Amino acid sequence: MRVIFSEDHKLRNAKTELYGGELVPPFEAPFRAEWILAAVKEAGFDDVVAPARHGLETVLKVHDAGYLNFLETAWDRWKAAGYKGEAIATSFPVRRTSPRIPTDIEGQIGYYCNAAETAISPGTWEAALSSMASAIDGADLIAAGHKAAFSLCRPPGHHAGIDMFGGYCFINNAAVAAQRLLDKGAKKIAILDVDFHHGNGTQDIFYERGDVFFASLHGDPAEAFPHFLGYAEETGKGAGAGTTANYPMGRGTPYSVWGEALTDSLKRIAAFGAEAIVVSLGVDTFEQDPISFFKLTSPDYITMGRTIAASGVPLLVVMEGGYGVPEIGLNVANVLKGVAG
């Protein structure tokens, strides 16, 4: 299977992340892509190609235009305003606020942000576009008839909602890929989000859409980021009724339990009639992940990939989270081995 990867991920190399009340070096740093790429090559996945560049045609169908315009100039405006650190939102449009959009950079960065633990830095927009492009080229391979491909996206995407960035994410790569598959002729697509964290951005994008089914397995939002979406009761609205399936799970969850949710999610995807599945793959479900509380082991990732591929429909695997140790690479490679075996 082909691996799509852009060296332009390195353009996002932020200096800071607000974590535990301190500004620390970010968990979502360029070494992650290095570790993952090396491991997938070691596992025999050496058909690695750069994505073609893409404009905004596909992404404008999943993200708000004002939001994308904001991201394109946010750094420049922040710097022009004279601030000394990276661009970090402080005020947010929370309960019982005006719906109006501010005009200045401080107001707008809050308007367009869901979490202050993500700084915008120089090169962020360009990096996000490259990561989007990897997702689009992966989707194009599936649309053209391949049964599997891996888009090594960085920065990740699944916390970026219609008009918000946060959780280390700016453009929702998986959502763009699903949209691309629809644009290339599919009528029904599923996104299966196996990252430890709820894909609240993805959920937001497709919540009222019946052409995409979204399933997520994740740490319970009562005790895990993103905190404000991901409950089991959220099943969709309007035309999207019945097309969100959330599987929140608790501390210490091992594969024997997590895999039962996976089985159920795949039943619901099959009942929906997905023509392909975009897998939002985070390996922060690993037992040594520094910010997460599930207990998957490295061999479990092989099982996971095999189970998802036994759906019998084409898969695009899109990289999300997984932190701290180079075994993030082994874990990703193991999912691919399960898909390919």
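Each residue number is its position in the shown sequence, starting from 1.
- The PDB entry reports B-factors from which the mean C-alpha value can be compared for 253-261 and 138-146; the larger average falls on 138-146.
- Relative to one another, 244-252 and 81-89 have unequal mean CA B-factors, and 81-89 is the one with the higher figure.
- In the PDB entry, the Cα temperature factor peaks, among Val279, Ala50, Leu296, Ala29, at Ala50.
- Which of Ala65, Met304, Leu316, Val283 has the largest Cα B-factor in the deposited entry comes down to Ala65.
- Annotation for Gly199: C-alpha temperature factor in the lowest third relative to the rest of the modelled chain, per the entry.
- Among all modelled residues in this chain, the alpha-carbon of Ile328 has a temperature factor (C-alpha) in the middle third.
- In the PDB entry, a CA B factor belonging to the highest third of its chain's modelled residues is recorded for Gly21.
- Placement of the Cα temperature factor of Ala271 within the chain: highest third of the modelled residues, per the deposited record.
- Annotation for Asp220: CA B-factor lies in the lowest third of the chain's modelled residues.
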